[PDB]
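A.B. asks: Sharing a structure here in C-alpha cells format.
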Amino acid sequence: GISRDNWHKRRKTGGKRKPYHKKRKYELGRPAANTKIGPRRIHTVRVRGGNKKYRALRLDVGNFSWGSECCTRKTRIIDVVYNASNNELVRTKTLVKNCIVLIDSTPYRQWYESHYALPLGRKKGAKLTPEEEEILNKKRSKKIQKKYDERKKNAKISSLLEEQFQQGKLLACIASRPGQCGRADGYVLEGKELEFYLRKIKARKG
Amino acid sequence: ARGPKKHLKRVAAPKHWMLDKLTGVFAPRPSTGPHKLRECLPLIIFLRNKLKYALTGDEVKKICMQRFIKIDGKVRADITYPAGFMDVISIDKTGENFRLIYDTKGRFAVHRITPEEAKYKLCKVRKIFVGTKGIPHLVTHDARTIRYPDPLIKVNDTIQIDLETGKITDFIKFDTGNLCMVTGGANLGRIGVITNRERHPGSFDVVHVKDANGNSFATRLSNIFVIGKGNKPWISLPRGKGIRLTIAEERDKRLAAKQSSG
Amino acid sequence: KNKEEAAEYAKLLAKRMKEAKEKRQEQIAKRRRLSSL
Amino acid sequence: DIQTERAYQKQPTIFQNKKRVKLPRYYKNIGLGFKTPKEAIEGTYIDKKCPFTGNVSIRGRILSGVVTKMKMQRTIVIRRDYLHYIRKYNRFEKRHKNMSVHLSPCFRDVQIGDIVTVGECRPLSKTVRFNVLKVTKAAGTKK
Amino acid sequence: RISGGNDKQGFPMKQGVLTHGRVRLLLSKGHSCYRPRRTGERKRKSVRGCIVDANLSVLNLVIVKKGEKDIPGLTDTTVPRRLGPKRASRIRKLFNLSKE
RNA sequence: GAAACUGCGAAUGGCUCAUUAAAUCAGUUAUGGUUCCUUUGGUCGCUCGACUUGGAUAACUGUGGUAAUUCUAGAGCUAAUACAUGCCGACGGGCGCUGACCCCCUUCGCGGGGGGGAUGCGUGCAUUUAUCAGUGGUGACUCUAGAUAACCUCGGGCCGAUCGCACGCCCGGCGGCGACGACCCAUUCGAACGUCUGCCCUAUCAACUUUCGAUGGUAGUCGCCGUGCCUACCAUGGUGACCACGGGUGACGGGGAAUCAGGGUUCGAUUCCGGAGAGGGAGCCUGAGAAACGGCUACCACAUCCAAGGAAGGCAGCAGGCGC
C-alpha cells in the first residue's frame, strides 16, 4: 500500500528507473499514529517476525526525569507549546518525539520538599495549615537533622526552574517515540536548553 | 524465493560428498544443526555411501529409527543430521567409533578411534561473552554455549570437552609453535606447526603454517584449528598424518604398491 | 547446579586472580627495578 | 554561532546540567591508525555524522579521490580516476566515478584539488555512504 | 423466539444486519453463514437481511414459554441426553458431590 | 479405528522468459544499520507478594432451505496442549533507601567519633526513558556486563492447571527415562538493504533533473532496521564529450555453446546458480516467511452454468484440444 522503497524515485543523475518488480511486503508502510492528549488509548500493530508495536492514539500520563538530581516521576501531560519540525503539530497538538510539552510539577515539588526539608514554589505568605507539610519540613531527632542541614547546602535551584514550579507547570522534551512504544517518556528542560526553547516559544508567540 | 529452501539438487551438493551424477536429481539437504550445510556430512551420506552399511535412504531410515547411532554421546533419529568436523559417531551394537576429521585432500576420511578416545572432542572457541550477571560465556565451532569457563580461554584457543558432562577439561592456547589442522580453503586437511600470524586491522588475518617436511603455506585465521600443543596432537590422525604430498609422489607410491603386489 | 557451578568458579577464578596479583607485585617490582635496579 | 536550526543542537551522549557549588566533549579514535584531529577535541561544533564527534562507525573500504566541488552543506564531491583495460586491443581507457562524500566541519580548510582518504560507513543520505578521514594538501600549496 | 430461517433462494438470515433486503458481506472466521477452508480466509457472501418479512421460504421458531394447551407433535415426548459430563468438575457440579 | 477439533505443511518443488540496460546479474566486502519457523546448545525454586478452576463449540442426534456449488440456518449432547482464569511453593531472608529510638568513648558542659536499629517503601529478566562509574571484547561502540531514580501498553512479555512408558524407595511416608510447550541468548537455514569494478546498438538523442523531491542540512513520521522513504522549514545543488538525458533490442544475467593457427566473431528461451511472472493492473487476510494466485477482494478483457433471482472462473504444473 504505502510503499517505502528507493526504486520509485529518480537516480543520482536525474534519470528515471523503470520498476523491475511490483510492490513487495517488506517495502511496507502504515498511516501515522498522530498521538493526541486525552484518556489512555493504545492499539497494537503485529509486525515482521510476529513481534508487537504499540500505537498510542491518546495519552495523559508520562515518565519524565528531572536530570540534575536523578528525580524521575510519572506525571500528567497537560498540553504542547512548540514543535521544531512543523507548527500544525502544535495546533492539532500531536505528541511526537522531541516536542516541548508542559507537565504537572507536583511530584517533583513533593520529592524536593521531602528530600531537602525546604519549600519549593509556595509563594511568600503561604498558609501551610494542613501542617503535615510542616511535619515533612520539621520535627526530627539530632543526627538525622545534621544530615538534613548538611544536604540543604546544595539545593540552590535555577530561577528559570523556580518560576515554572511556582506557576505549577514544567517544560519537558519527549525522548521516546510515543507512536511506536505507546509511552510519552522524556526529561525536564534545564540550563542552556531551557533558555534556548523559552526564547523560541516567546519569539514565535509574539 | 518467498521463504526458506528445502530441496538441494545433486549437482549443487558440496563436492567432498563425492556424489555420482546418474543416481538422481536431488541430494539430502542437511537439516539445520551445529555445523553449516556446506561443511557437514549428512548421517545418510556417512552411513550409506562411506561405510556401505545401508544401500538406500529407506535402509538408513530403518537403522536410525532403532536408536543404534549416537553422535557426540546423544541418539540422533534424523537421517540428514549434519555431522561435521571433530564430531564423534559411536555405534554400540557393532562396537565401532569414528571421529570425522579431514583426509589430507579436501574431504572427510572415515577414521576409527578406541572406546576411551571416543569419550571427548576438541572444540574451537568462536566468541567469549558475559551473560546477565557477569557470568562469562563461550560459543564453540559446533554451536555449544559453555558458561563459567576457565578465565584465560580466548577467542582462537581450542578446548577439550567431555561428551557426558559437556564441561571444559584442558585447553590449547593459540600460539606460534602449536599444531593446527586447516579446516577450510585450498589447504583443507593439511596438518602443520603455526610459524606466524600477520595482523590486518579490518581485513582477515592470514596465518603461516609449516608442514613436517618443510612445506610452508598460508591460510586465513578463520580456517585454522589448534589440534595440539607442540608436535603432540591431543587426538588420533588418519593414515598420511596430513602432509598432502605432490601428484608425482602419489603416482610413485601407487605404482610402487601395485608393482610390489604384481 | 547453579550453586555448585558458582562455587567451583569462585575457587578457580580467585586462584587465577592470585596469579595475576603475584604478577601485579612483579609490575611494582619492575617499577622499583627501573627506579633502582 | 551554533544552534542555527530550530531544534537544540547537542552531543546527545554528554549531559550538560550537572549541579555544582567548560562544556565537556565526546569523541573517539576511529581505528585503522587515523589521528583523531585537534579540531575534533577542541571545536564547539555539533555533527551527527562526524566519524570523530558523532554516531558513525568506519568499516569496509578505504578509498581516495581529489576534491572537485565544495558547494553543498557539510558534503563534497570527490573525483576517483582509474584505467579500465579493454582486452581485444591490449590497451587501457581513462574512466572516472565522482561520489558525494560527507565532510565534517572538523577539517576546517580543504581546497578543491586536495587529496582525500574516505572510509565506508552506513548510508548517511540518498547518495552519501563515505566519510572524509584525512586530507593531504595538493602539490605544494604553501603560498 | 424468531431463531431466523432462510430466504426463498436459501441465503440464510444473518444476525444484526438490520435490513429487509439481500446484501453482500465480506465474512471472515468467527462469523455466521460462513466457514473458511484455509486459515485467515475471507469471502463475499450474499445474505438475506435480519428483518423477517413476507418473501421468505422458512422461519426457525423456538418455543420460549410452553403455553396453556398441549401440542400433539412436540411436547408429548422427550429425547434422552446422548452424553453427560466428561470433565470431573462438571460431574461433581451436576450430581452434588463432597470433596473426599 | 472412520469422522471432527487441534498442531504442522501448503512461501518448497514444477512451468515459462513477457518485463527489466548500472536495473538484473558476476566477483568482492558490510550489518558496529536489521528480522528469522525449524535444528543444536544454554537458560527456565534468580522475583519476597491447587490432590486440578471456568463457559462454549465440532464430529454425533434431529429439523430444514434454493434449480444449482467443497452453500450452509435452526434445536439438543459432549471434550482439549482449542479458548480463558489462576494459586501454593522454594520463602528465612538478602540488598537499597526511610528511620523511631538506643547504648557507648571524648569536650566539666555544649558540640564530636563511630556503632546497633523499630515502622514504612522498593526489588527478578525482558520493555521505555534519565543519570553515574570504567568484568570481558573490538582496528574502532553511544558494545557487553555493573550502579541509582521511575515506568510496565487491559488490543496486556516470561515466572509449565500438559501427555506417555517404567514402577519404585519407609511409617497414611517416597523419586528416574521421555513427549509437548515457552520470554530471552547464541547457532543453523536464510532473507533484506548497502560497498568497489564490470554490459549490446544509437548524435537523424547535447544538454538533462527541480518549488507537486531534483542534490544536500536540522527535527520528526513510517519501517524489521540505515537512508528524501515521506512530512515541515532551510540551502542551490546532482549529472554530462571519460557520451549524461532520451530512444531501440527478434535483450532476463551468469556458469557456459559453436567456430577456431595466434588474435577474434557469433550464440547463451533451454535441466546449475540468481531474478521476475502466474490473463492486465491494483489492494490485502493468515503466518517466522506471501503483496501468494492449484489464497481472498475489486475493476479491465475474455468466459462457463442458469427455474433469470443467482453461482462459479484462471494449464507460462503433468497429459491432452483449438488457434498460430
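Chains as they are written, first to last, in the authors' numbering: chain B, 2 to 207; chain R, 2 to 263; chain C, 201 to 237; chain U, 3 to 23, 32 to 153; chain F, 51 to 150. Where is the CB? At the ideal position from N, CA and C, for every residue including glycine.
On a CA-only basis, which of B:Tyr-55, B:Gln-146, B:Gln-165 is nearest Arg-31 of chain B? Give me that one, please.
C.D. replies: Counted from its first residue, the first sequence places residue 31 of chain B at position 30. Looking at the Cα atoms, B:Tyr-55 is the closest of the given residues.
A.B. asks: Using a Cβ-Cβ cut-off of less than 7 angstroms, list which residues of the segment 186-207 of chain R approach chain U; keep chain order.
C.D. replies: Listed by position, the residues of the segment 186-207 of chain R near chain U (Cβ gap below 7 angstroms) are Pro-202, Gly-203.
A.B. asks: At which residues does the alpha helix (DSSP H) containing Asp-253 of chain R begin and terminate?
C.D. replies: Along the second sequence, read from residue 1 onward, the residue named residue 253 of chain R stands at position 252. Unbroken alpha helix (DSSP H) run through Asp-253 of chain R: 248-262.
A.B. asks: Just verifying my parser: in three-state terms, what is the DSSP assignment at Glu-133 of chain B?
C.D. replies: Within the first sequence, the letter at position 132 stands for residue 133 of chain B. Of the three classes helix, strand and coil, the one that applies to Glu-133 of chain B here is coil, per DSSP.
A.B. asks: Just how far apart, CA to CA, sit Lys-170 of chain B and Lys-203 of chain B?
C.D. replies: Counting from 1 along the first sequence, the entry for residue 170 of chain B is found at position 169. Counting from 1 along the first sequence, the entry for residue 203 of chain B is found at position 202. Approximately 16 angstroms between the Cα atoms of the pair.
A.B. asks: As an exercise, report each continuous beta strand (DSSP E) stretch of at least 3 residues that is fully enclosed by the segment 217-250 of chain R, in chain order.
C.D. replies: Counting only runs of 3 or more, we get 217-221, 225-230.
A.B. asks: Should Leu-75 of chain F and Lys-64 of chain F be called a contact, given that it needs their Cβ atoms to be closer than 8 angstroms?
C.D. replies: Position 25 of the fifth sequence, counted from the first residue, corresponds to residue 75 of chain F. Position 14 of the fifth sequence, counted from the first residue, corresponds to residue 64 of chain F. A contact, by the Cβ cut-off of 8 angstroms.
A.B. asks: Can you check the segment 112-149 of chain R for any alpha helix (DSSP H) of at least 4 residues that lies completely inside it and give the ranges in chain order?
C.D. replies: Within the segment 112-149 of chain R, no complete alpha helix (DSSP H) run reaches 4 residues.
A.B. asks: Under a Cβ-count criterion, where at least 16 other Cβ atoms within 10 Å of its own Cβ denotes burial, should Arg-71 of chain U be classed as buried or exposed?
C.D. replies: Within the fourth sequence, numbered from 1, the residue matching residue 71 of chain U stands at position 61. Exposed is the call here.
A.B. asks: Can you tell me where the alpha helix (DSSP H) with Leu-162 of chain B in it begins and where it stops?
C.D. replies: For the purposes of this step, residue 162 of chain B is taken as the residue at position 161 of the first sequence. Segment 160-168, the alpha helix (DSSP H) holding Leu-162 of chain B.
A.B. asks: Could you tell me the alpha carbon to alpha carbon distance between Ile-147 of chain R and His-138 of chain R, rounded to whole angstroms?
C.D. replies: The sequence position of residue 147 of chain R within the second sequence is 146, counting from 1. The sequence position of residue 138 of chain R within the second sequence is 137, counting from 1. Computed Cα separation, rounded: 6 angstroms.
A.B. asks: Is there at least one Cβ from chain R nearer than 8 angstroms to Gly-41 of chain U's Cβ?
C.D. replies: Start at 1 with the first residue of the fourth sequence, and residue 41 of chain U comes out as number 31. It does: the Cβ of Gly-41 of chain U has a partner Cβ on chain R nearer than 8 angstroms.
A.B. asks: Quick one: what does DSSP say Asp-150 of chain B is sitting in, helix, strand or coil?
C.D. replies: On the first sequence, position 149 is the one that residue 150 of chain B refers to. Of the three classes helix, strand and coil, the one that applies to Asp-150 of chain B here is helix, per DSSP.
A.B. asks: Which of the three DSSP states is assigned to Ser-135 of chain U in this structure?
C.D. replies: Here residue 135 of chain U corresponds to residue number 125 of the fourth sequence, with the count starting at 1. If DSSP states are grouped into helix, strand and coil, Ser-135 of chain U belongs with coil.
A.B. asks: State whether the segment 34-46 of chain R contacts the segment 78-92 of chain R, with contact taken as three or more CB pairs (one from each stretch) at a distance under 8 angstroms.
C.D. replies: The answer is yes - the segment 78-92 of chain R touches the segment 34-46 of chain R, with three or more Cβ pairs under 8 angstroms.
A.B. asks: Which of the three DSSP states is assigned to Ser-235 of chain C in this structure?
C.D. replies: Taking the third sequence and counting its residues from 1, one reaches residue 235 of chain C at position 35. In this structure, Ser-235 of chain C counts as helix in the three-state DSSP scheme.
A.B. asks: Say whether chain C places a C-beta atom closer than 8 angstroms to the C-beta of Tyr-149 of chain R.
C.D. replies: Sequence index remark: in the second sequence, residue 149 of chain R carries index 148 (1-based). True, the Cβ-Cβ gap to chain C drops below 8 angstroms.
A.B. asks: Taking C-beta pairs closer than 8 angstroms, name the residues in chain R that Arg-69 of chain U reaches, listed in chain order.
C.D. replies: Locating residue 69 of chain U in the fourth sequence gives position 59, counting from the first residue. Result: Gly-203.
A.B. asks: Can you find a CB in chain U that lies within less than 8 angstroms of the CB of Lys-157 of chain B?
C.D. replies: Within the first sequence, numbered from 1, the residue matching residue 157 of chain B stands at position 156. It does: the Cβ of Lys-157 of chain B has a partner Cβ on chain U nearer than 8 angstroms.
A.B. asks: Identify the contact partners of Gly-192 of chain B in chain U, using a Cβ-Cβ distance below 7 angstroms as the criterion.
C.D. replies: For the purposes of this step, residue 192 of chain B is taken as residue 191 along the first sequence, with counting starting at 1. Here the neighbours are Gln-18, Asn-19.
A.B. asks: If you measure from the beta carbon of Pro-83 of chain R to each beta carbon in chain C, is any gap under 8 angstroms?
C.D. replies: Residue 83 of chain R sits at position 82 when you count from the first residue of the second sequence. Not closer than 8 angstroms to any Cβ of chain C, the Cβ of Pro-83 of chain R fails to qualify, so no.
A.B. asks: Going by DSSP, what residue range makes up the alpha helix (DSSP H) through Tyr-55 of chain B?
C.D. replies: Mapped onto the first sequence, residue 55 of chain B falls at position 54. Run containing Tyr-55 of chain B: none in the alpha helix (DSSP H); it sits in the beta strand (DSSP E), 52-60.
A.B. asks: Output the boundary residues of the beta strand (DSSP E) element that contains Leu-195 of chain B.
C.D. replies: By one-based count along the first sequence, residue 195 of chain B stands at place 194. From DSSP, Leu-195 of chain B is part of no beta strand (DSSP E) but of the alpha helix (DSSP H) over 192-206.
A.B. asks: Starting from the C-beta of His-112 of chain R, find all residues in its chain whose C-beta is less than 8 angstroms away, skip the five residues before and the five after it, and write them out in chain order.
C.D. replies: As a position in the second sequence, residue 112 of chain R is number 111, starting the count at 1. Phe-99, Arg-100, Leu-101, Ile-102, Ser-237, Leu-238, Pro-239, listed in sequence order.
A.B. asks: Determine, for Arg-216 of chain C, whether the minimum Cβ-Cβ distance to residues of chain R falls below 8 angstroms.
C.D. replies: Translated into positions along the third sequence, residue 216 of chain C becomes position 16. Yes, its Cβ sits closer than 8 angstroms to a Cβ of chain R.
A.B. asks: Can you tell me the Cα-Cα spacing of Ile-101 of chain F and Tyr-83 of chain B, whole angstroms?
C.D. replies: Translated into the one-based positions of the fifth sequence, residue 101 of chain F becomes position 51. Translated into the one-based positions of the first sequence, residue 83 of chain B becomes position 82. Roughly 54 angstroms separates the two Cα atoms.
A.B. asks: Answer with yes or no whether the minimum CB distance from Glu-205 of chain C to chain R is below 8 angstroms.
C.D. replies: Indexing the third sequence from 1 puts residue 205 of chain C at position 5. It does: the Cβ of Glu-205 of chain C has a partner Cβ on chain R nearer than 8 angstroms.
A.B. asks: Give a yes or no on whether the C-beta atoms belonging to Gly-190 of chain R and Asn-224 of chain R are separated by under 8 angstroms.
C.D. replies: Here residue 190 of chain R is taken as the residue at index 189 of the second sequence, counted from 1. Here residue 224 of chain R is taken as the residue at index 223 of the second sequence, counted from 1. No. Outside cutoff.
A.B. asks: Would you give the residue range spanned by the beta strand (DSSP E) that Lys-93 of chain F belongs to?
C.D. replies: Counting from 1 along the fifth sequence, the entry for residue 93 of chain F is found at position 43. Its beta strand (DSSP E) spans residues 93-98.
A.B. asks: Can you list, in chain order, the stretches of the beta strand (DSSP E) that have 3 or more residues and sit fully within the segment 37-95 of chain R?
C.D. replies: Fully enclosed beta strand (DSSP E) runs of 3 or longer: 70-72, 89-92.
A.B. asks: Quick one: is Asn-64 of chain B near chain U, going by C-beta distance under 8 angstroms?
C.D. replies: Translated into the one-based positions of the first sequence, residue 64 of chain B becomes position 63. Not an interface residue.
A.B. asks: Output the boundary residues of the alpha helix (DSSP H) element that contains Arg-142 of chain F.
C.D. replies: In the fifth sequence, counting from the first residue as 1, residue 142 of chain F sits at position 92. Here the alpha helix (DSSP H) through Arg-142 of chain F covers 138-145.
A.B. asks: What are the residues in the segment 40-68 of chain B lying within 9 angstroms of chain U by C-beta distance?
C.D. replies: From the segment 40-68 of chain B, only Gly-68 have a Cβ closer than 9 angstroms to chain U.
A.B. asks: Got a sec: which bits of the segment 132-158 of chain R sit with their beta carbon under 8 angstroms from any beta carbon on chain C, in order along the chain?
C.D. replies: Here the close residues are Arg-148, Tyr-149, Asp-151, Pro-152, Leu-153.
A.B. asks: Inspect the beta-carbon positions of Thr-141 of chain R and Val-126 of chain R and report whether they are closer than 8 angstroms.
C.D. replies: The residue you call residue 141 of chain R lines up with position 140 of the second sequence. The residue you call residue 126 of chain R lines up with position 125 of the second sequence. Yes, these two residues count as a Cβ contact at 8 angstroms.
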